[PDB]
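Asks: Can you read through this structure? Questions will come right after.
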Amino acid sequence: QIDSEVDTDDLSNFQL
Amino acid sequence: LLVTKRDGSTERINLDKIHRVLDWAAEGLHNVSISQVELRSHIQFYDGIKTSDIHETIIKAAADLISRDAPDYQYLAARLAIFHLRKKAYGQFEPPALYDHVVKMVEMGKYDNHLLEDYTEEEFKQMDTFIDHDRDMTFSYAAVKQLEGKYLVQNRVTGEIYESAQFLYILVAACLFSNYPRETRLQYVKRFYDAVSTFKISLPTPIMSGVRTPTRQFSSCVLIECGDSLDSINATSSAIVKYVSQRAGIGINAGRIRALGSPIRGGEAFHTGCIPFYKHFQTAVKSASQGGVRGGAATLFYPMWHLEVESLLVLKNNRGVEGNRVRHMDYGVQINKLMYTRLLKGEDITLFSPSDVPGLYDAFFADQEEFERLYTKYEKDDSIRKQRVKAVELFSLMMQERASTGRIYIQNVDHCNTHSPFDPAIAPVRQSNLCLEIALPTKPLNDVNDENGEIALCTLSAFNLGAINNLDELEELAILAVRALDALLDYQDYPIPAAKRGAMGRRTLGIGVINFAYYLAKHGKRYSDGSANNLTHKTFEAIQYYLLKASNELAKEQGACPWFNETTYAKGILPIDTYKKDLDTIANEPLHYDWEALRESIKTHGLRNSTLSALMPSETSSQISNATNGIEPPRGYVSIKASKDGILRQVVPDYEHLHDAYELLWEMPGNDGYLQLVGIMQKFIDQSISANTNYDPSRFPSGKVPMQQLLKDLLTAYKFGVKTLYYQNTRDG
Ligand SMILES: Cc1cn([C@H]2C[C@H](O)[C@@H](COP(=O)(O)OP(=O)(O)OP(=O)(O)O)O2)c(=O)[nH]c1=O
Ligand SMILES: Nc1nc2c(ncn2[C@@H]2O[C@H](COP(=O)(O)OP(=O)(O)O)[C@@H](O)[C@H]2O)c(=O)[nH]1
């Protein structure tokens with residue numbers, strides 16, 4: 001089971 | 001108690017003889033009770049019971065006691081099994097002389113006749129002195145079941161087994177090094193035989209059952225790229241039918257096929273979509289399957305920006321109209337840095353049909369600068385048909401589908417070309433295989449026999465990390481592994497011109513590892529806390545170093561592969577020069593081997609093989625050597641498998657002393673540790689790795705895996721240079 005809740009403000013800092 | 005024999009003749013029961021065999025089998029094992037086994041099997045005996053049935057009964061008896069608390073039953077059962085198989089093939093425990101055996105088998109049409117032409121009777125006598133039949137006593141019950149089930153030469157109708165393990169091993173070696181100069185031929189044969197008979201090197205299921213027999217079909221992996229044309233669509237389809245009839249896993253790139261609604265011939269026709277063709281590939285794949293489901297597998301790749309991506313992403317969804325579902329094929333979504341950046345910034349992703357954006361598709365694999373240039377250009381160009389979607393939506397749609405089916409794979413195309421053995425300008429890597437670990441260049445066909453096309457093939461094998469004392473043992477092992485598999489490329493048959501082209505041109509190999517988990521266990525390291533990073537770095541440097549040494553030595557002897565000039569290796573570039581720099585922050589182990597000496601030698605004498613390493617899953621090979629599968633952590637201490645004879649149990653290697661050392665799959669708190677180890681491994685691997693991602697519902701609030709977590713792990717993998725991602729396991733609890 002998955003909870004489809006994405007926080008784009010939290011992911012934005014990530015450095016690829 | 002009367003006993004019936006093979007000719008159907010009656011003798012009196014001899015309980016002391018039985019006990020002797022049990023005693024024999026038990027020699028050296030700990031915690032196994034012979035009485036316990038006798039009690040359980042004697043109660044099922046009856047007047048006039050055939051002798052074979054007595055053997056089966058005691059075997060099973062032993063087998064049913066396998067457990068974590070008494071793992072040596074695995075061997076008690078095994079030895080009993082071996083004993084029974086010996087008598088079943090040779091009519092006694094002691095195997096016949098190699099020469100006599102081979103002569104008999106050749107006459108029966110069970111072994112290739114070249115064996116007798118290629119070696120003299122004196123040479124077979126010499127080979128017999130290498131064999132150690134007592135090595136049969138080192139297998140585990142599970143392993144003997146596999147051997148008897150799909151490796152040993154036998155009559156499938158009558159149920160007769162004609163050989164034993166040690167003849168298999170010696171003859172495989174014999175065949176693979178048959179074209180070697182007489183001065184070194186038998187030296188190599190003995191060394192290879194020791195390697196494989198003492199479980200240091202693992203060979204794929206096809207080689208293990210075929211080499212020595214009359215067949216020549218040993219290909220298990222074929223990568224096919226399909227162009228945007230009815231001729232190419234037909235070619236691809238024809239190619240798949242030929243290959244799935246022979247048991248090869250197929251990797252299909254169908255990303256160029258134009259989108260639904262697109263114009264055909266001008267404005268006289270309007271495309272039907274890819275779905276229809278995808279369904280045609282699926283039937284080709286399943287064309288040689290019992291009923292139409294069993295065996296013949298394939299993974300189909302496509303870009304994330306394709307115009308039909310939303311319909312492609314839900315093809316295996318188990319809820320939908322039959323005309324929009326292609327459920328019996330796995331899919332691999334292809335992503336690159338730009339796509340991830342749109343996600344992080346919360347921007348949109350633009351979807352295009354490959355036919356409408358000149359240069360974009362190629363740029364996607366071979367030049368990220370050019371891809372960004374073209375991509376932004378075409379976004380603003382109003383004449384191009386496009387569609388905009390929210391990056392968060394597309395990523396979640398994709399991840400939701402990957403979560404629910406477990407089979408929606410990812411492929412980071414940029415990583416596959418910026419850190420690889422090939423020059424992207426000449427021979428880019430545009431897809432993977434069935435299990436997402438192979439990554440070889442491909443060219444579309446215009447006809448089945450088109451000689452200008454290229455179908456990738458890969459020969460595999462693996463090193464058993466639990467069977468080596470120190471890492472310098474890998475020098476000998478790499479020599480044997482590379483030489484034997486290179487010989488195989490000239491031995492086997494090629495049904496399609498284009499596949500021969502790639503194999504003879506680039507001579508690509510894929511050697512990987514099994515028993516990683518055990519290896520980490522005995523060195524007191526785990527997967528999840530970062531404690532194995534440096535050991536993994538040290539270990540994978542050795543493997544890649546010695547493999548390149550072996551291949552390089554072979555090129556000196558026999559010439560580099562024809563198309564060696566299309567590799568990055570040809571330009572003096574090495575795995576250690578192009579890896580993802582983020583890796584430096586999670587591992588500090590130094591290089592221990594002379595890479596610069598090797599750099600020069602590669603440049604000068606080249607490589608026999610364009611690619612040497614690739615980390616693949618393994619179930620069946622690992623079973624034969626009682627080893628943890630590939631690089632994955634065990635799911636538990638004991639493995640249970642179903643069989644016609646009964647329940648097959650296998651206890652992880654050295655459970656007795658390492659039970660607390662192991663780190664079981666569901667014990668890890670997350671994927672970070674494991675993802676870092678895959679990253680470290682990818683520094684040195686030519687191809688790719690079959691990485692898994694694992695999630696346990698009961699570790700999350702309300703038993704639901706957050707999309708946040710799924711996206712976070714995706715990004716982490718990208719950050720440490722992971723090229724592909726295979727299965728996603730969700731727990732059933
Ligand atoms: C002729 C035709 C082609 N196709 C599709 C499938 C193929 O991917 C694609 C092209 O195959 P073809 O049409 O044979 O290729 P072509 O070189 O003739 O193409 P073009 O029309 O640009 O000149 O079009 C249909 O879907 N329906 C049709 O009736
Ligand atoms: N053994 C085997 N390999 C296959 C088959 N179909 C495809 N393959 C290829 O074999 C690889 C699996 O690893 P391998 O070591 O061969 O597995 P194992 O020997 O069966 O445990 C995949 O990457 C495929 O490309 C098949 O039916 N059997």
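Residue numbers start at 1 in each chain; chains themselves are named A, B, ... in the order of the structure tokens; ligands are numbered from 1 in the order shown.
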Near chain A, which residues of chain B fall within 6 Å when you count only C-alpha atoms, and what do they look like as a ChimeraX atom specification?

Replies: /B:344-345,704-708,719

Asks: Show me a table, sorted first by chain and then by increasing residue number, of the residues of chain B having an atom at most 10 Å from ligand 2, each with its shortest atom pair and the distance in Å to one decimal, counting only C-alpha atoms and all ligand atoms and written as a Markdown table.

Replies:
```
| residue | atom | partner | partner_atom_place_in_ligand_line | distance |
| --- | --- | --- | --- | --- |
| B:202 | CA | ligand 2 | 15 (O) | 8.2 |
| B:203 | CA | ligand 2 | 19 (O) | 7.1 |
| B:204 | CA | ligand 2 | 19 (O) | 4.4 |
| B:205 | CA | ligand 2 | 1 (N) | 4.5 |
| B:206 | CA | ligand 2 | 1 (N) | 6.2 |
| B:207 | CA | ligand 2 | 1 (N) | 9.0 |
| B:208 | CA | ligand 2 | 19 (O) | 9.1 |
| B:218 | CA | ligand 2 | 3 (N) | 9.9 |
| B:219 | CA | ligand 2 | 9 (C) | 8.3 |
| B:220 | CA | ligand 2 | 8 (N) | 4.5 |
| B:221 | CA | ligand 2 | 25 (O) | 4.1 |
| B:222 | CA | ligand 2 | 25 (O) | 7.2 |
| B:223 | CA | ligand 2 | 25 (O) | 9.0 |
| B:244 | CA | ligand 2 | 6 (N) | 8.9 |
| B:246 | CA | ligand 2 | 27 (O) | 9.3 |
| B:247 | CA | ligand 2 | 27 (O) | 5.5 |
| B:248 | CA | ligand 2 | 6 (N) | 4.9 |
| B:249 | CA | ligand 2 | 7 (C) | 3.4 |
| B:250 | CA | ligand 2 | 25 (O) | 7.0 |
| B:251 | CA | ligand 2 | 25 (O) | 8.1 |
| B:295 | CA | ligand 2 | 27 (O) | 6.5 |
| B:296 | CA | ligand 2 | 6 (N) | 6.7 |
| B:297 | CA | ligand 2 | 6 (N) | 6.4 |
| B:298 | CA | ligand 2 | 7 (C) | 8.4 |
| B:299 | CA | ligand 2 | 25 (O) | 10.0 |
| B:432 | CA | ligand 2 | 25 (O) | 9.5 |
| B:433 | CA | ligand 2 | 25 (O) | 6.1 |
| B:434 | CA | ligand 2 | 25 (O) | 5.6 |
| B:435 | CA | ligand 2 | 23 (O) | 4.9 |
| B:436 | CA | ligand 2 | 23 (O) | 7.2 |
| B:437 | CA | ligand 2 | 23 (O) | 6.4 |
| B:438 | CA | ligand 2 | 23 (O) | 7.1 |
| B:457 | CA | ligand 2 | 25 (O) | 8.8 |
| B:458 | CA | ligand 2 | 25 (O) | 7.6 |
| B:459 | CA | ligand 2 | 25 (O) | 8.9 |
| B:460 | CA | ligand 2 | 15 (O) | 6.7 |
| B:461 | CA | ligand 2 | 15 (O) | 6.4 |
| B:462 | CA | ligand 2 | 15 (O) | 7.5 |
| B:510 | CA | ligand 2 | 23 (O) | 9.3 |
| B:511 | CA | ligand 2 | 15 (O) | 9.3 |
| B:512 | CA | ligand 2 | 15 (O) | 8.6 |
| B:513 | CA | ligand 2 | 15 (O) | 9.3 |
| B:514 | CA | ligand 2 | 15 (O) | 8.9 |
| B:614 | CA | ligand 2 | 23 (O) | 9.2 |
| B:615 | CA | ligand 2 | 23 (O) | 8.7 |
| B:616 | CA | ligand 2 | 13 (O) | 5.5 |
| B:617 | CA | ligand 2 | 13 (O) | 5.1 |
| B:618 | CA | ligand 2 | 21 (O) | 3.3 |
| B:619 | CA | ligand 2 | 21 (O) | 3.6 |
| B:620 | CA | ligand 2 | 21 (O) | 3.6 |
| B:621 | CA | ligand 2 | 19 (O) | 4.5 |
| B:622 | CA | ligand 2 | 21 (O) | 6.5 |
| B:623 | CA | ligand 2 | 21 (O) | 7.9 |
| B:624 | CA | ligand 2 | 21 (O) | 9.4 |
| B:629 | CA | ligand 2 | 21 (O) | 8.0 |
| B:630 | CA | ligand 2 | 15 (O) | 8.3 |
| B:689 | CA | ligand 2 | 23 (O) | 9.7 |
| B:690 | CA | ligand 2 | 23 (O) | 8.3 |
```

Asks: If I take atom CA of residue B:172 and atom CA of residue B:485, how far is one from the other in Å, to one decimal?

Replies: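 Taking atom CA of residue B:172 as the start and atom CA of residue B:485 as the end point, the length is 11.1 Å.
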
Asks: Check which residues of chain B sit at most 9 Å from ligand 1 using only C-alpha atoms and all ligand atoms, and return one row each with the closest pair of atoms and their distance in Å to one decimal, ordered by chain and rising number, as a tab-separated table.

Replies:
```
residue	atom	partner	partner_atom_place_in_ligand_line	distance
B:227	CA	ligand 1	8 (O)	7.3
B:228	CA	ligand 1	8 (O)	4.0
B:229	CA	ligand 1	11 (O)	3.2
B:230	CA	ligand 1	11 (O)	4.1
B:231	CA	ligand 1	14 (O)	6.1
B:232	CA	ligand 1	11 (O)	7.9
B:233	CA	ligand 1	8 (O)	7.0
B:256	CA	ligand 1	8 (O)	7.8
B:257	CA	ligand 1	8 (O)	4.7
B:258	CA	ligand 1	8 (O)	5.5
B:259	CA	ligand 1	8 (O)	8.4
B:260	CA	ligand 1	26 (O)	8.0
B:261	CA	ligand 1	26 (O)	8.8
B:262	CA	ligand 1	24 (O)	8.1
B:263	CA	ligand 1	21 (O)	7.1
B:264	CA	ligand 1	21 (O)	4.2
B:265	CA	ligand 1	21 (O)	3.5
B:266	CA	ligand 1	21 (O)	6.4
B:268	CA	ligand 1	29 (O)	8.6
B:269	CA	ligand 1	29 (O)	5.8
B:270	CA	ligand 1	27 (N)	6.6
B:271	CA	ligand 1	26 (O)	3.8
B:272	CA	ligand 1	26 (O)	4.7
B:273	CA	ligand 1	26 (O)	6.4
B:274	CA	ligand 1	8 (O)	7.8
B:276	CA	ligand 1	26 (O)	8.9
B:277	CA	ligand 1	6 (C)	8.3
B:355	CA	ligand 1	22 (O)	8.3
```

Asks: State, in Å with one decimal place, the distance from atom CA of residue B:392 to atom CA of residue B:329.

Replies: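 Taking atom CA of residue B:392 as the start and atom CA of residue B:329 as the end point, the length is 25.6 Å.
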
Asks: Could you pull the residues within 10 Å of residue B:395, counting only C-alpha atoms, minus those fewer than 5 positions along the same chain, as a VMD selection string?

Replies: (chain A and resid 6) or (chain B and resid 304 339 to 340 343 390 400 to 401 707 710 to 711 714)

Asks: Would you save the residues from that selection as an mmCIF file, in the first residue's frame, using N, CA and C atoms?

Replies:
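Done, and the output landed in part_38.cif:
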```cif
data_model
loop_
_atom_site.group_PDB
_atom_site.id
_atom_site.type_symbol
_atom_site.label_atom_id
_atom_site.label_comp_id
_atom_site.auth_asym_id
_atom_site.auth_seq_id
_atom_site.Cartn_x
_atom_site.Cartn_y
_atom_site.Cartn_z
ATOM 1 N N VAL A 6 3.288 13.831 -2.173
ATOM 2 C CA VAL A 6 4.616 14.316 -2.510
ATOM 3 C C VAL A 6 4.841 15.770 -2.105
ATOM 4 N N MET B 304 11.043 8.518 -21.166
ATOM 5 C CA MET B 304 10.015 9.062 -20.290
ATOM 6 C C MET B 304 9.221 10.181 -20.951
ATOM 7 N N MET B 339 15.094 15.277 -16.635
ATOM 8 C CA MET B 339 13.823 14.821 -16.088
ATOM 9 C C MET B 339 13.813 14.906 -14.567
ATOM 10 N N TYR B 340 14.852 14.415 -13.898
ATOM 11 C CA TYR B 340 14.921 14.543 -12.445
ATOM 12 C C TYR B 340 14.901 16.003 -12.010
ATOM 13 N N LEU B 343 11.483 17.465 -11.762
ATOM 14 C CA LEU B 343 10.832 17.000 -10.550
ATOM 15 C C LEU B 343 11.243 17.840 -9.347
ATOM 16 N N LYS B 390 2.722 17.627 -15.249
ATOM 17 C CA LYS B 390 3.421 17.997 -14.019
ATOM 18 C C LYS B 390 4.391 16.888 -13.645
ATOM 19 N N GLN B 400 3.798 4.764 -8.620
ATOM 20 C CA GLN B 400 2.613 4.032 -8.155
ATOM 21 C C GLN B 400 2.553 2.689 -8.875
ATOM 22 N N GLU B 401 2.696 2.739 -10.205
ATOM 23 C CA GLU B 401 2.692 1.544 -11.041
ATOM 24 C C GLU B 401 3.856 0.601 -10.743
ATOM 25 N N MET B 707 4.777 8.136 -1.020
ATOM 26 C CA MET B 707 5.368 8.486 -2.311
ATOM 27 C C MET B 707 6.660 9.264 -2.086
ATOM 28 N N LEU B 710 9.460 6.835 -1.769
ATOM 29 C CA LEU B 710 9.763 6.217 -3.058
ATOM 30 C C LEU B 710 10.544 7.162 -3.965
ATOM 31 N N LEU B 711 10.177 8.440 -4.018
ATOM 32 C CA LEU B 711 10.897 9.384 -4.869
ATOM 33 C C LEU B 711 12.280 9.672 -4.296
ATOM 34 N N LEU B 714 14.617 7.003 -5.286
ATOM 35 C CA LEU B 714 14.909 7.097 -6.714
ATOM 36 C C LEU B 714 16.071 8.073 -6.887
#
```

Asks: Run DSSP on the backbone and grab whatever in stretch 522-585 of chain B lands in helix (DSSP H, G or I); send it over as a CSV table (one decimal) with N, CA, C and O atoms, in the first residue's frame.

Replies:
```csv
chain,number,residue,atom,x,y,z
B,522,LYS,N,30.9,-13.1,6.9
B,522,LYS,CA,32.1,-13.6,7.5
B,522,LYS,C,33.2,-12.5,7.7
B,522,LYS,O,34.2,-12.8,8.3
B,533,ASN,N,31.1,-0.3,2.9
B,533,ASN,CA,31.5,0.5,1.8
B,533,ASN,C,32.9,0.3,1.4
B,533,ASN,O,33.2,-0.2,0.2
B,534,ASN,N,33.9,0.5,2.3
B,534,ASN,CA,35.3,0.3,1.9
B,534,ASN,C,35.7,-1.1,1.5
B,534,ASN,O,36.4,-1.3,0.5
B,535,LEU,N,35.1,-2.1,2.2
B,535,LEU,CA,35.4,-3.5,1.8
B,535,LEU,C,34.9,-3.8,0.4
B,535,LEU,O,35.5,-4.4,-0.5
B,536,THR,N,33.7,-3.2,0.1
B,536,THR,CA,33.1,-3.4,-1.2
B,536,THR,C,33.9,-2.7,-2.3
B,536,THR,O,34.2,-3.3,-3.3
B,537,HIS,N,34.4,-1.5,-2.0
B,537,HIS,CA,35.3,-0.8,-2.9
B,537,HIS,C,36.5,-1.6,-3.2
B,537,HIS,O,37.0,-1.8,-4.3
B,538,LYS,N,37.1,-2.1,-2.1
B,538,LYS,CA,38.4,-2.9,-2.3
B,538,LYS,C,38.0,-4.2,-3.1
B,538,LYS,O,38.7,-4.5,-4.1
B,539,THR,N,37.0,-4.9,-2.8
B,539,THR,CA,36.6,-6.1,-3.5
B,539,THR,C,36.3,-5.9,-4.9
B,539,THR,O,36.7,-6.8,-5.8
B,540,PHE,N,35.6,-4.9,-5.3
B,540,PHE,CA,35.2,-4.7,-6.7
B,540,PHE,C,36.3,-4.1,-7.5
B,540,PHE,O,36.4,-4.5,-8.7
B,541,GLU,N,37.3,-3.4,-6.9
B,541,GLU,CA,38.5,-3.0,-7.6
B,541,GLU,C,39.3,-4.3,-8.0
B,541,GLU,O,39.6,-4.4,-9.2
B,542,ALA,N,39.4,-5.2,-7.1
B,542,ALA,CA,40.1,-6.4,-7.5
B,542,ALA,C,39.5,-7.1,-8.7
B,542,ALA,O,40.2,-7.4,-9.7
B,543,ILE,N,38.2,-7.4,-8.6
B,543,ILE,CA,37.4,-8.0,-9.7
B,543,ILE,C,37.6,-7.4,-11.0
B,543,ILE,O,37.9,-8.0,-12.0
B,544,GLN,N,37.4,-6.1,-11.1
B,544,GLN,CA,37.5,-5.4,-12.4
B,544,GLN,C,39.0,-5.3,-12.8
B,544,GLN,O,39.2,-5.6,-14.0
B,545,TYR,N,39.9,-5.1,-11.9
B,545,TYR,CA,41.3,-5.1,-12.3
B,545,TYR,C,41.7,-6.4,-12.9
B,545,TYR,O,42.2,-6.4,-14.1
B,546,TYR,N,41.5,-7.6,-12.2
B,546,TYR,CA,41.9,-8.8,-12.8
B,546,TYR,C,41.2,-9.3,-14.0
B,546,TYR,O,41.8,-10.0,-14.9
B,547,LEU,N,40.0,-8.9,-14.2
B,547,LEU,CA,39.2,-9.2,-15.4
B,547,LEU,C,39.8,-8.4,-16.6
B,547,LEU,O,40.0,-9.1,-17.7
B,548,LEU,N,40.1,-7.2,-16.4
B,548,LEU,CA,40.7,-6.4,-17.5
B,548,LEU,C,42.1,-7.0,-17.8
B,548,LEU,O,42.4,-7.3,-19.0
B,549,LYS,N,42.9,-7.4,-16.8
B,549,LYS,CA,44.1,-8.1,-17.0
B,549,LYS,C,43.9,-9.3,-17.9
B,549,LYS,O,44.6,-9.5,-18.9
B,550,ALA,N,43.0,-10.2,-17.5
B,550,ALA,CA,42.7,-11.4,-18.3
B,550,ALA,C,42.4,-11.1,-19.7
B,550,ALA,O,43.0,-11.7,-20.6
B,551,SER,N,41.4,-10.2,-19.9
B,551,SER,CA,41.0,-9.9,-21.3
B,551,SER,C,42.1,-9.3,-22.1
B,551,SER,O,42.4,-9.7,-23.2
B,552,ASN,N,42.8,-8.4,-21.4
B,552,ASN,CA,44.0,-7.8,-22.0
B,552,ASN,C,45.1,-8.8,-22.4
B,552,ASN,O,45.6,-8.8,-23.5
B,553,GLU,N,45.4,-9.8,-21.5
B,553,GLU,CA,46.3,-10.9,-21.8
B,553,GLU,C,45.8,-11.6,-23.1
B,553,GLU,O,46.5,-11.7,-24.1
B,554,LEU,N,44.5,-12.0,-23.1
B,554,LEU,CA,43.9,-12.7,-24.2
B,554,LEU,C,44.0,-12.0,-25.5
B,554,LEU,O,44.2,-12.6,-26.6
B,555,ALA,N,43.9,-10.7,-25.6
B,555,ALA,CA,44.1,-9.9,-26.8
B,555,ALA,C,45.5,-10.0,-27.3
B,555,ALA,O,45.7,-10.0,-28.5
B,556,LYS,N,46.5,-9.9,-26.4
B,556,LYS,CA,47.8,-10.1,-26.8
B,556,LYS,C,48.0,-11.4,-27.5
B,556,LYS,O,48.5,-11.5,-28.6
B,557,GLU,N,47.5,-12.5,-26.9
B,557,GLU,CA,47.5,-13.8,-27.5
B,557,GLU,C,46.7,-13.9,-28.8
B,557,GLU,O,47.2,-14.6,-29.7
B,558,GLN,N,45.5,-13.5,-28.9
B,558,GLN,CA,44.6,-13.8,-30.0
B,558,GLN,C,44.0,-12.6,-30.7
B,558,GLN,O,43.2,-12.8,-31.7
B,564,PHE,N,36.9,-3.0,-31.3
B,564,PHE,CA,37.5,-2.4,-30.1
B,564,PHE,C,37.6,-0.9,-30.2
B,564,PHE,O,37.5,-0.3,-29.1
B,565,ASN,N,37.8,-0.3,-31.3
B,565,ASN,CA,37.9,1.1,-31.5
B,565,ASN,C,36.7,1.9,-31.2
B,565,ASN,O,36.8,3.1,-31.1
B,566,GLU,N,35.5,1.3,-31.0
B,566,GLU,CA,34.3,2.0,-30.6
B,566,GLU,C,34.2,2.1,-29.1
B,566,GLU,O,33.2,2.7,-28.5
B,569,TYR,N,37.6,2.3,-23.7
B,569,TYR,CA,38.9,1.6,-23.4
B,569,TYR,C,40.0,1.9,-24.4
B,569,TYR,O,41.1,2.3,-24.1
B,570,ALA,N,39.6,1.8,-25.7
B,570,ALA,CA,40.5,2.1,-26.8
B,570,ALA,C,41.1,3.5,-26.7
B,570,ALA,O,42.3,3.7,-27.1
B,571,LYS,N,40.5,4.5,-26.1
B,571,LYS,CA,41.0,5.8,-25.9
B,571,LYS,C,41.8,6.0,-24.6
B,571,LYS,O,42.1,7.2,-24.2
B,575,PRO,N,37.1,2.9,-16.1
B,575,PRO,CA,36.0,2.9,-15.2
B,575,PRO,C,36.2,3.9,-14.1
B,575,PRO,O,35.4,4.8,-13.9
B,576,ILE,N,37.4,3.9,-13.5
B,576,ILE,CA,37.9,4.8,-12.5
B,576,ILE,C,38.0,6.3,-12.9
B,576,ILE,O,38.3,7.1,-12.1
B,577,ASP,N,37.9,6.6,-14.2
B,577,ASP,CA,37.9,8.0,-14.6
B,577,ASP,C,36.5,8.6,-14.9
B,577,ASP,O,36.5,9.8,-14.9
B,578,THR,N,35.5,7.8,-15.0
B,578,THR,CA,34.2,8.3,-15.3
B,578,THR,C,33.1,8.1,-14.3
B,578,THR,O,31.9,8.4,-14.7
B,581,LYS,N,31.1,11.2,-9.3
B,581,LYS,CA,31.9,11.8,-8.2
B,581,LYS,C,31.3,11.8,-6.9
B,581,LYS,O,32.0,11.5,-5.9
B,582,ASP,N,30.0,11.9,-6.7
B,582,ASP,CA,29.4,11.9,-5.4
B,582,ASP,C,29.9,10.7,-4.5
B,582,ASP,O,30.0,10.7,-3.3
B,583,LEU,N,30.2,9.6,-5.2
B,583,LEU,CA,30.7,8.4,-4.5
B,583,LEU,C,31.9,8.6,-3.6
B,583,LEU,O,32.0,7.9,-2.6
B,584,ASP,N,32.7,9.6,-3.9
B,584,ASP,CA,33.8,10.0,-3.0
B,584,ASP,C,33.4,10.3,-1.6
B,584,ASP,O,34.1,9.8,-0.7
B,585,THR,N,32.3,10.9,-1.4
B,585,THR,CA,31.8,11.2,0.0
B,585,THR,C,31.3,10.0,0.8
B,585,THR,O,31.2,10.1,2.0
```

Asks: From the DSSP assignment of the backbone, select every residue of stretch 345-567 of chain B that is strand (DSSP E or B), and format the answer as a VMD selection string.

Replies: chain B and resid 348 to 352 386 to 390 408 to 412 422 443 454 456 to 457 459 to 464 509 to 514 567

Asks: What's the 9 Å shell around residue B:178, counting only C-alpha atoms, without same-chain residues fewer than 6 positions away, as a ChimeraX atom specification?

Replies: /B:115,118-119,185-186,189,487

Asks: Can you write out the residues you just picked, keeping N, CA and C atoms, as a PDB file, in the first residue's frame?

Replies:
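Generated output (again.pdb):
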```pdb
ATOM      1  N   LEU B 115      34.302 -34.222 -29.318  1.00  0.00           N
ATOM      2  CA  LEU B 115      35.102 -34.601 -28.165  1.00  0.00           C
ATOM      3  C   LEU B 115      36.111 -35.695 -28.500  1.00  0.00           C
ATOM      4  N   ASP B 118      38.676 -34.229 -31.111  1.00  0.00           N
ATOM      5  CA  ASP B 118      39.492 -33.177 -30.538  1.00  0.00           C
ATOM      6  C   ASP B 118      40.524 -33.643 -29.526  1.00  0.00           C
ATOM      7  N   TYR B 119      40.260 -34.732 -28.817  1.00  0.00           N
ATOM      8  CA  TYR B 119      41.193 -35.235 -27.808  1.00  0.00           C
ATOM      9  C   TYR B 119      41.531 -36.701 -28.070  1.00  0.00           C
ATOM     10  N   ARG B 185      46.970 -26.640 -23.565  1.00  0.00           N
ATOM     11  CA  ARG B 185      45.598 -27.117 -23.508  1.00  0.00           C
ATOM     12  C   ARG B 185      45.198 -27.782 -22.203  1.00  0.00           C
ATOM     13  N   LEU B 186      45.767 -28.919 -21.820  1.00  0.00           N
ATOM     14  CA  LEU B 186      45.396 -29.628 -20.602  1.00  0.00           C
ATOM     15  C   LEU B 186      45.689 -28.890 -19.300  1.00  0.00           C
ATOM     16  N   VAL B 189      42.619 -26.858 -18.986  1.00  0.00           N
ATOM     17  CA  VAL B 189      41.515 -27.754 -18.664  1.00  0.00           C
ATOM     18  C   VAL B 189      41.543 -28.073 -17.172  1.00  0.00           C
ATOM     19  N   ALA B 487      36.049 -18.486 -25.613  1.00  0.00           N
ATOM     20  CA  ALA B 487      36.064 -19.660 -26.494  1.00  0.00           C
ATOM     21  C   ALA B 487      34.633 -20.011 -26.893  1.00  0.00           C
TER      22      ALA B 487
END
```

Asks: What is the atom CA of residue B:394-atom CA of residue B:224 distance in Å, reported with one decimal?

Replies: 26.8 Å

Asks: Any idea what's packed within 6 Å of stretch 44-51 of chain B, counting only C-alpha atoms, ignoring anything in its chain fewer than 6 positions away? Could you give it as a ChimeraX atom specification?

Replies: /B:1-5

Asks: Distance table requested - stretch 182-252 of chain B against stretch 91-109 of chain B, cut-off 12 Å, only C-alpha atoms: one row per qualifying residue with the closest atom pair and its distance in Å to one decimal, ordered by chain and rising residue number, as a tab-separated table.

Replies:
```
residue	atom	partner	partner_atom	distance
B:212	CA	B:102	CA	9.7
B:213	CA	B:109	CA	8.3
B:214	CA	B:109	CA	7.6
B:215	CA	B:109	CA	10.9
```

Asks: Could you save those same residues with C-alpha atoms as a PDB file, in the first residue's frame?

Replies:
```pdb
ATOM      1  CA  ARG B 212      29.514 -31.380 -24.192  1.00  0.00           C
ATOM      2  CA  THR B 213      26.231 -32.339 -25.873  1.00  0.00           C
ATOM      3  CA  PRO B 214      25.475 -32.029 -29.601  1.00  0.00           C
ATOM      4  CA  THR B 215      23.706 -28.646 -29.293  1.00  0.00           C
TER       5      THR B 215
END
```
